[PDB]
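Data block below; observations after.
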Amino acid sequence: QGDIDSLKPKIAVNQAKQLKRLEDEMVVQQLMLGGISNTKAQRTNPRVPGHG
Amino acid sequence: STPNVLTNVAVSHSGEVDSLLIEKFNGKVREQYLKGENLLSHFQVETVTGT
């Protein structure tokens with residue numbers, strides 16, 4: 001009684017887009033945190049005595 | 001004369017089991033009758049999908 005032509009493949013392709021969007025959003029969030037967390041003011045000491 | 005000790009293979013030497021003769025089954029499976037009235041055969045019924 002769905003009356004919808006395909007329903008199920010549409011729901012599947014919607015789920016795929018949801019997962020892809022979250023995958024990209026997580027990467028952007030991690031880049032932002034990596035940028036903001038360690039800025040020479042909070043760390044005060046590099047991970048290895050050489051790098052910046 | 002005649003036989004007077006005639007051998008029967010249907011009697012057990014011990015008293016544990018009685019007959020030593022398994023009965024057959026040959027189908028004869030009985031079910032509830034429930035005759036088919038089929039009143040709905042008179043009426044028109046076309047299956048519909050959705051709506």
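Chain labels follow the order of the structure tokens: the first chain is A, the next B, and so on; residue numbering restarts at 1 in every chain, and ligands are counted from 1 in their shown order.
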
Sorted by chain and rising residue number, list the residues of chain A at most 12 Å from chain B (counting only C-alpha atoms), each with its closest atom pair and distance in Å to one decimal, as CSV.
residue,atom,partner,partner_atom,distance
A:1,CA,B:50,CA,3.5
A:2,CA,B:50,CA,5.7
A:3,CA,B:50,CA,4.8
A:4,CA,B:50,CA,8.3
A:5,CA,B:50,CA,10.2

Can you spit out the residues from that selection as a PDB file, in the first residue's frame, using C-alpha atoms?
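Result file is again16.pdb:
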ATOM      1  CA  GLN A   1       0.000   0.000   0.000  1.00  0.00           C
ATOM      2  CA  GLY A   2       2.996   2.322  -0.328  1.00  0.00           C
ATOM      3  CA  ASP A   3       1.742   3.852  -3.607  1.00  0.00           C
ATOM      4  CA  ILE A   4       5.374   4.855  -4.156  1.00  0.00           C
ATOM      5  CA  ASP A   5       7.039   3.621  -7.338  1.00  0.00           C
TER       6      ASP A   5
END

> Which parts of chain A does DSSP call helix (DSSP H, G or I) when run on the backbone here, written out as a ChimeraX atom specification?
Replying inline: /A:8-37

Save out the residues we just selected, N, CA, C and O atoms, as a CSV table (one decimal), in the first residue's frame.
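Written output follows (out22.csv):
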chain,number,residue,atom,x,y,z
A,8,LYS,N,12.2,1.8,-1.9
A,8,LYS,CA,13.4,1.2,-1.3
A,8,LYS,C,14.7,1.6,-1.8
A,8,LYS,O,15.6,2.0,-1.1
A,9,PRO,N,14.9,1.6,-3.2
A,9,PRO,CA,16.2,2.2,-3.7
A,9,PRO,C,16.4,3.6,-3.3
A,9,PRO,O,17.5,4.1,-3.1
A,10,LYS,N,15.3,4.4,-3.3
A,10,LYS,CA,15.4,5.8,-2.9
A,10,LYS,C,15.9,5.9,-1.5
A,10,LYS,O,16.7,6.8,-1.2
A,11,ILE,N,15.3,5.1,-0.6
A,11,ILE,CA,15.8,5.2,0.8
A,11,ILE,C,17.2,4.8,0.9
A,11,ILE,O,18.0,5.4,1.7
A,12,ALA,N,17.6,3.8,0.1
A,12,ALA,CA,19.0,3.3,0.1
A,12,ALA,C,20.0,4.5,-0.3
A,12,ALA,O,21.0,4.7,0.3
A,13,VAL,N,19.6,5.1,-1.4
A,13,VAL,CA,20.5,6.2,-1.9
A,13,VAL,C,20.5,7.4,-1.0
A,13,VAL,O,21.5,8.1,-0.9
A,14,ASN,N,19.4,7.6,-0.3
A,14,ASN,CA,19.4,8.7,0.7
A,14,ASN,C,20.3,8.3,1.9
A,14,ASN,O,21.0,9.2,2.3
A,15,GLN,N,20.3,7.1,2.3
A,15,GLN,CA,21.2,6.7,3.4
A,15,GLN,C,22.7,6.8,3.0
A,15,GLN,O,23.5,7.2,3.8
A,16,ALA,N,23.0,6.5,1.7
A,16,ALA,CA,24.3,6.6,1.2
A,16,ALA,C,24.8,8.1,1.3
A,16,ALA,O,25.9,8.4,1.7
A,17,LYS,N,23.9,9.0,0.9
A,17,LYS,CA,24.3,10.4,0.9
A,17,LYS,C,24.4,10.9,2.3
A,17,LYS,O,25.3,11.7,2.6
A,18,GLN,N,23.6,10.4,3.3
A,18,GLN,CA,23.8,10.8,4.7
A,18,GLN,C,25.1,10.4,5.2
A,18,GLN,O,25.9,11.1,5.8
A,19,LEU,N,25.5,9.1,4.9
A,19,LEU,CA,26.8,8.6,5.4
A,19,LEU,C,28.0,9.4,4.7
A,19,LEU,O,28.9,9.7,5.4
A,20,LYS,N,27.9,9.7,3.4
A,20,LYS,CA,29.0,10.4,2.8
A,20,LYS,C,29.1,11.8,3.4
A,20,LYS,O,30.2,12.3,3.6
A,21,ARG,N,27.9,12.5,3.7
A,21,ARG,CA,28.0,13.8,4.3
A,21,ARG,C,28.6,13.8,5.6
A,21,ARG,O,29.4,14.7,6.0
A,22,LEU,N,28.3,12.8,6.5
A,22,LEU,CA,28.9,12.7,7.8
A,22,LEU,C,30.4,12.4,7.7
A,22,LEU,O,31.2,13.0,8.4
A,23,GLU,N,30.8,11.6,6.7
A,23,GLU,CA,32.2,11.3,6.5
A,23,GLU,C,33.0,12.6,6.2
A,23,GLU,O,34.1,12.8,6.7
A,24,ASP,N,32.4,13.4,5.3
A,24,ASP,CA,33.1,14.7,5.0
A,24,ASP,C,33.1,15.6,6.2
A,24,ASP,O,34.1,16.3,6.5
A,25,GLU,N,32.0,15.7,6.9
A,25,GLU,CA,31.9,16.6,8.0
A,25,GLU,C,32.9,16.3,9.1
A,25,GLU,O,33.5,17.2,9.7
A,26,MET,N,33.1,15.0,9.4
A,26,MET,CA,34.0,14.6,10.4
A,26,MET,C,35.5,15.0,10.0
A,26,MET,O,36.2,15.4,10.9
A,27,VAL,N,35.8,14.9,8.7
A,27,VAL,CA,37.2,15.2,8.3
A,27,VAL,C,37.4,16.7,8.5
A,27,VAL,O,38.4,17.2,9.0
A,28,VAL,N,36.4,17.5,8.1
A,28,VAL,CA,36.5,19.0,8.3
A,28,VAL,C,36.6,19.3,9.8
A,28,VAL,O,37.4,20.2,10.1
A,29,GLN,N,35.8,18.7,10.6
A,29,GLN,CA,35.9,19.0,12.0
A,29,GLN,C,37.2,18.6,12.6
A,29,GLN,O,37.8,19.4,13.4
A,30,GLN,N,37.8,17.5,12.2
A,30,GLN,CA,39.1,17.1,12.7
A,30,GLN,C,40.2,18.1,12.2
A,30,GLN,O,41.1,18.4,13.0
A,31,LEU,N,40.1,18.6,11.0
A,31,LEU,CA,41.1,19.6,10.5
A,31,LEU,C,41.0,20.8,11.4
A,31,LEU,O,42.0,21.4,11.8
A,32,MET,N,39.7,21.3,11.7
A,32,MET,CA,39.5,22.5,12.5
A,32,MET,C,40.1,22.3,13.9
A,32,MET,O,40.8,23.2,14.4
A,33,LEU,N,39.9,21.1,14.5
A,33,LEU,CA,40.4,20.9,15.8
A,33,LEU,C,41.9,20.8,15.8
A,33,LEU,O,42.6,21.4,16.7
A,34,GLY,N,42.5,20.2,14.8
A,34,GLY,CA,43.9,20.2,14.7
A,34,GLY,C,44.5,21.5,14.5
A,34,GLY,O,45.6,21.8,15.0
A,35,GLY,N,43.8,22.4,13.8
A,35,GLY,CA,44.2,23.8,13.7
A,35,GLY,C,44.2,24.6,15.0
A,35,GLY,O,45.0,25.4,15.3
A,36,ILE,N,43.1,24.4,15.8
A,36,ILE,CA,42.8,25.3,16.9
A,36,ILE,C,43.5,24.8,18.2
A,36,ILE,O,43.8,25.6,19.1
A,37,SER,N,43.7,23.5,18.3
A,37,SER,CA,44.1,23.0,19.6
A,37,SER,C,45.6,23.3,19.9
A,37,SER,O,45.9,23.7,21.1

> Expressed in Å to a single decimal, how great is the separation between CA of residue 7 (chain B) and CA of residue 21 (chain B)?
Replying inline: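 About the pair CA of residue 7 (chain B) and CA of residue 21 (chain B): they are 15.2 Å apart.
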